[PDB]
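A quick write-up on the structure given underneath.
Chain naming here is simple, since letters A, B, ... match the order of the sequence lines and numbering starts at 1 in each.
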Amino acid sequence: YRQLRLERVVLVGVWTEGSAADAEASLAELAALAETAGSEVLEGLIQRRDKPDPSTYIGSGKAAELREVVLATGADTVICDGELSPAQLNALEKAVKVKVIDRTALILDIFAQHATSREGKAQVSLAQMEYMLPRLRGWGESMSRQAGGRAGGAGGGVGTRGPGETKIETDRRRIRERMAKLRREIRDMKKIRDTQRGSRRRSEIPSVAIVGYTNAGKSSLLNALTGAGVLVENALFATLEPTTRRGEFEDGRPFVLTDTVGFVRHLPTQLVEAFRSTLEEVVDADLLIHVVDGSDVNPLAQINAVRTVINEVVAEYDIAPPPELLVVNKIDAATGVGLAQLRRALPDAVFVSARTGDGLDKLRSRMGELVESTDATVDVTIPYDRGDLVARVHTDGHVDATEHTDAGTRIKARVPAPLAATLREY
Amino acid sequence: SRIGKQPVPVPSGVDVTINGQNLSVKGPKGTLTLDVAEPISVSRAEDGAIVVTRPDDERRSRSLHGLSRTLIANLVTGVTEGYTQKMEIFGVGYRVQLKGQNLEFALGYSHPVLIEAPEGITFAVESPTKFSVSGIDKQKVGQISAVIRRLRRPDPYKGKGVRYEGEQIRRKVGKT
Amino acid sequence: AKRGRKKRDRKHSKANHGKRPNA
Amino acid sequence: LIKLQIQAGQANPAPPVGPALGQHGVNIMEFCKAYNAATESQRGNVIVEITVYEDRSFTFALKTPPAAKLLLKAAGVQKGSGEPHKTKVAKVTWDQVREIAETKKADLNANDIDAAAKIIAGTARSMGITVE
Amino acid sequence: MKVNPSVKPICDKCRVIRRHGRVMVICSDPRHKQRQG
RNA sequence: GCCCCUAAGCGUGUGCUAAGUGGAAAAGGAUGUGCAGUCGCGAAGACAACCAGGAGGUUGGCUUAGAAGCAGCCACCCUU
Ligand SMILES: Nc1nc2c(ncn2[C@@H]2O[C@H](COP(=O)(O)OP(=O)(O)CP(=O)(O)O)[C@@H](O)[C@H]2O)c(=O)[nH]1
């Protein structure tokens with residue numbers, strides 16, 4: 001599934017824009033992705049350059065400097081962030097003579113490792129095609145490695161043969177038609193959703209979707225709220241498909257909760273097809289929830305990272321600033337005290353702490369009171385002698401006790417729109 | 001042959017005739033003639049009943065013998081008492097009327113749908129929403145009953161259409 | 001693969017005794 | 001008709017009375033006074049052999065609280081258990097299981113007539129809390 | 001009507017039969033109505 | 001090889017086959033054979049029809065929108 005050997009490793013921060021701290025964040029992010037692929041971090045260096053080197057990416061001097069530590073380490077895992085062009089990969093491979101990592105291929109092959117569903121792996125294969133097609137005839141282990149694209153002068157003069165099209169163009173047409181078929185292959189999950197798309201949505205089952213940064217605890221929240229058994233692991237991309245479950249409220253209307261695939265930053269943008277499963281959930285969701293762990297890295301950079309893609313997709317899609325609730329939960333046993341500054345920067349602290357604290361009453365409220373609504377305040381007064389007059393109200397809708405201390409009093413309940421519109425019949 | 005070998009009782013008015021392989025029967029409610037298949041011998045017992053026997057016990061004989069033997073009994077019951085299938089319509093505005101020999105339904109179509117009674121079948125209507133078919137040939141009675149029933153497609157939401165007298169159609173729910 | 005499959009399976013005949021040239 | 005074993009200790013339970021508060025236009029209040037004419041000083045633990053009438057005029061008979069333990073009407077608890085042979089929070093013996101009113105110590109079917117005293121091993125210890 | 005090479009009783013109310021030389025699962029629940037093809 | 005094309009044999013005996021299998025294939029299913037076992041069955045009434053059986057504390061508790069036999073939850077181990 002297009003894996004790679006990591007085991008030992010040493011890191012380097014390219015830091016071609018931003019701050020040293022942000023470069024360190026990116027380095028640690030890619031090192032965590034390396035661990036996800038299976039590894040063990042040793043130490044990380046940093047450098048400070050302007051626009052990447054068009055050929056060497058990291059330059060001749062830094063390429064040799066890193067070859068030194070490469071030969072010292074005697075392994076092939078040296079990590080360096082970024083998106084490397086085919087030329088840059090060629091130059092770096094010629095300099096190092098070993099396997100160096102790039103963010104795009106690392107993300108892609110970790111998606112391959114984590115994929116378990118047919119749609120997920122089809123999407124990751126599409127991302128593989130998208131990434132590799134540029135790396136054709138030019139990159140390190142290329143098709144035209146002095147061995148491909150042979151069929152040239154097949155027509156000196158003319159005779160009884162000849163393929164026709166340009167060799168490279170036909171060789172690219174191979175992958176082009178492959179990915180054309182794969183893009184045709186796009187399956188409509190809307191048919192799976194329709195059970196709740198038109199129905200329910202309109203029939204009141206609102207839609208709360210948990211979206212956030214990877215490792216943040218999206219699936220953990222889903223499990224805690226919905227009694228589910230969804231996968232929970234520290235690894236990147238622990239969740240592959242945006243699963244969903246039920247979860248009710250004091251105002252009923254089971255809030256179909258949905259988790260997603262986390263974001264980190266500067267995603268490849270080629271696996272937007274893979275992320276469509278979660279992009280569609282955000283676009284069709286009426287309550288977005290960000291999840292932030294107690295002792296999470298950085299004060300707030302992951303929130304900007306997720307919000308960048310959120311804003312991009314939602315603005316391209318529709319007129320929407322989908323309800324976002326940046327709750328701060330799972331904070332107990334965070335083993336940290338410098339959280340008052342973040343709390344004042346954004347007031348919220350509702351601990352569930354992987355069910356250890358379980359103080360999610362404030363959350364269960366917000367989720368809900370934000371965008372819950374129905375035809376509340378209906379006075380279904382009824383003699384209570386017919387039996388039919390109590391029918392369907394306490395079953396479909398949800399009562400709230402109200403004046404209904406007995407049956408011979410004012411009876412009101414928050415019911416669905418279809419259930420009662422003039423059915424009080426005094 | 002548990003009831004295959006049981007004789008076919010013949011009520012008084014019945015008038016049976018075995019012209020060899022075939023079989024004709026005149027009765028109060030009409031006449032019916034069939035032909036039991038070859039690997040079977042049918043005849044009349046001294047006490048009026050009909051006896052159907054088979055030469056051997058292979059699958060084909062052991063099936064066809066019972067088939068024909070009880071089929072002749074169905075025929076006798078038809079000529080004597082006749083078969084009547086009662087059928088109720090459902091739906092607000094769904095009605096049936098009898099245009100003499102023909103039966104006209106209003107099954108929510110943009111036209112009233114008129115079924116012409118096959119030869120040997122009579123239609124009755126106890127109400128614009130409840131009617132019945134009657135005949136002597138059970139096969140034909142059931143077949144026309146089925147045609148009337150399949151007039152309108154299944155409606156498992158409100159159950160609008162034709163149904164047999166006692167029937168529990170498949171009903172589902174659409175909350176939207 | 002029908003052509004090759006038939007050409008091969010026609011070796012399973014009484015006359016050929018389960019063997020033919022080129023399978 | 002109507003048949004229901006209500007375990008409340010009171011004579012105005014919400015699930016039953018709601019649809020029975022003023023039902024049967026012929027005996028909305030007639031039924032109320034009919035079954036509250038006497039036995040009022042008594043405790044309406046179960047208050048339901050009421051078979052059916054067009055006038056609602058009959059005799060009562062408190063058959064028994066749950067066969068698991070007949071201390072529901074004696075001590076006044078209103079709870080039990082769910083698991084088979086779970087535990088026994090309630091003590092009981094033959095102090096009151098000798099007569100237990102005039103009930104039908106028989107079977108639903110025309111099966112047999114052995115019941116009532118079957119609390120020790122029969123259909124009483126389904127949840128566990130029974131004679132100790 | 002589920003036309004599959006492999007048709008089996010989905011639930012206990014299903015019934016396997018052969019009509020016209022084909023194995024069919026007929027059931028009160030019409031989701032379980034299957035045919036071998 | 002032997003029905004005619006194409007020379008005997010639309011050979012003889014006993015079975016199987018219902019698909020043109022024969023005359024192409026990896027298969028789910030059993031309703032064709034014979035098997036060989038096996039619970040109860042004996043015509044000491046078996047699978048079956050017509051077959052009174054429908055509130056035992058029978059809303060049994062769980063628990064409560066009712067939780068009625070019946071969303072669910074392991075139970076109900078009992079008799080002329
Ligand atoms: N100690 C601690 N760990 C947490 C907390 N929240 C999440 N985690 C860690 O995150 C891991 C599960 O990650 P998950 O809930 O899947 O995050 P995610 O947002 O779904 C990222 P992905 O979608 O790629 O799986 C767990 O192993 C857990 O240790 C928290 O509040 N405290």
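- If you check every strand for non-hydrogen atoms under 4.0 Å, D/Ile6 touches a base.
- Salt bridge absent: A/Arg364 and A/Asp361 never bring a charged side-chain N and a carboxylate O closer than 4.0 Å.
- Within the nucleic acid shown, D/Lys3 comes within 4.0 Å of at least one base atom, counting heavy atoms only.
- Checking F/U58, F/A24, F/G28 against every side-chain atom of C/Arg5, the shortest atom distance belongs to F/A24.
- Residue C/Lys14 has its side chain nearest to F/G1 when only F/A55, F/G1, F/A46 are considered.
- No side-chain heavy atom of D/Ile100 sits under 4.5 Å from any side-chain heavy atom of D/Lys105.
- Nucleic acid contact for D/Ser126: base, since at least one base atom lies under 4.0 Å from a heavy atom of the residue.
- Comparing the P positions of F/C35 and F/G40 gives a spacing of 24 Å, expressed to the nearest Å.
- Using bins of under 30°, 30° to 60° and over 60° for the plane-to-plane angle, the ring pair D/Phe58/D/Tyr53 lands in the perpendicular bin.
- In terms of the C1'-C2'-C3'-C4' torsion, F/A18 has a south-puckered sugar. The angle is below zero.
- Remark: the separation of the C1' atoms in F/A19 and F/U14 is 24 Å, to the nearest Å.
- Atom CZ in E/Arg18 sits 8.5 Å away from atom CD in E/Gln36 (nearest 0.5 Å).
- The separation of F/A75 from F/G60, taken at their P atoms, amounts to 16 Å, rounded to a whole angstrom.
- Within 4.0 Å of D/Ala106, counting heavy atoms only, lies at least one base atom of the nucleic acid.
- Projected onto RNA chain F by closest heavy-atom contact, D/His85 and E/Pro5 fall at different nucleotides, the more 5' of which corresponds to E/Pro5.
- Nearest nucleotide to the D/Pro66 side chain, out of F/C78, F/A24, F/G61: F/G61.
- Within the 4.0 Å cut-off from OP1 or OP2 of F/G60, not a single side-chain nitrogen or oxygen of D/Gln5 is found.
- Nucleotide F/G9 is shown with a syn base, its glycosidic torsion being within 90° of 0.
- Using a 4.0 Å heavy-atom distance criterion, D/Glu49 is classed as making no nucleic acid contact.
- If you take atom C1' in F/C50 and the same atom in F/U59, they sit 36 Å apart, rounded to whole Å.
- Salt-bridge check for D/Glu30 with D/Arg56: failed, with every basic side-chain N at 4.0 Å or more from each acidic carboxylate O.
- Minimum atom distance to the side chain of D/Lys79 is reached by F/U63, of the listed F/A75, F/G56, F/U63.
- Relative to the side chain of D/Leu4, the nucleotides F/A68, F/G1, F/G56 differ in distance, and F/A68 lies closest.
- Glycosidic conformation, F/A36: anti, with the torsion outside 90° of 0.
- Between D/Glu49 and D/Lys104 there is a salt bridge, with a side-chain nitrogen of the basic residue lying less than 4.0 Å from a carboxylate oxygen of the acidic one.
- Taking atom P in both F/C5 and F/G20, the straight-line distance is 29 Å, to the nearest Å.
- Side-chain atoms of C/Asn16 and C/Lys19, non-hydrogen and from C-beta on, never get closer than 4.5 Å to each other.
- Atom-to-atom distance recorded for B/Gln21:CD and B/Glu38:CD is 4.5 Å, nearest 0.5 angstrom.
- When each of F/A68, F/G56, F/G29 is scored by its nearest atom to the side-chain atoms of E/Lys8, the top-ranked nucleotide is F/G29.
- The side chain of D/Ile113 lies closest to F/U80, out of F/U80, F/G29, F/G56.
- Comment: D/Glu102 does not engage D/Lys63 in a salt bridge, judged by the lack of any side-chain N to carboxylate O separation of less than 4.0 angstrom.
- Summary of the strand contacts: A/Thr395 and E/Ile17 both lie near RNA chain F, and taking for each the nucleotide with the nearest heavy atom, the more 5' one is attributed to E/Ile17.
- Between atom CG of residue B/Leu34 and atom CD1 of residue B/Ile72 there is a gap of 5.5 Å, rounded to the nearest 0.5 Å.
- Nucleic acid contact class of C/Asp9 (heavy atoms, under 4.0 Å, all strands): none.
- In terms of the salt bridge (charged side-chain N to carboxylate O under 4.0 Å, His left out) criterion, B/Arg2 has no residue partners (sequence neighbours excluded).
- No hydrogens or angles were tested; on distance alone, a donor-acceptor pair under 3.5 Å links the side chain of E/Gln36 to the base of F/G28.
- Side-chain contact check for B/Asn74 and B/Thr77: no donor-acceptor pair (N or O, by modelled atom type) lies under 3.5 Å.
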Grab the N/O contacts between the protein and nucleotides 16-20 of chain F below 3.5 Å, and write none if there aren't any.
none

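- Here the separation of F/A52 from F/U63, taken at their P atoms, is 39 Å to the nearest Å.
- For the consecutive pair F/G61/F/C62, the pyrimidine-type rings do not sit with centres less than 5.5 Å apart and planes less than 30° apart, so they do not qualify as a stack.
- Because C1'-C2'-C3'-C4' is positive for F/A52, its sugar is assigned to the north class.
- The same atom, P, is picked in F/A24 and in F/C16; the two are 25 Å apart, to the nearest Å.
- Counting non-hydrogen atoms under 4.0 angstrom, A/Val399 reaches nothing in the nucleic acid.
- Nucleotide F/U21 carries an anti base; the chi torsion (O4'-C1'-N9-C4 or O4'-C1'-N1-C2) is more than 90° from 0.
- Which of F/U80, F/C74, F/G29 sits closest to the side chain of D/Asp112 comes down to F/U80.
- Secondary-structure stems of RNA chain F, taken as three or more successive Watson-Crick or G-U wobble pairs (i with j, i+1 with j-1) under a 3.5 Å distance threshold, are lacking entirely.
- The residue E/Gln34 sits apart from the nucleic acid: no heavy atom pair falls under 4.0 Å.
- Taking the side chain of D/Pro16 as heavy atoms from C-beta on, and the options F/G56, F/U59, F/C74, the nearest nucleotide is F/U59.
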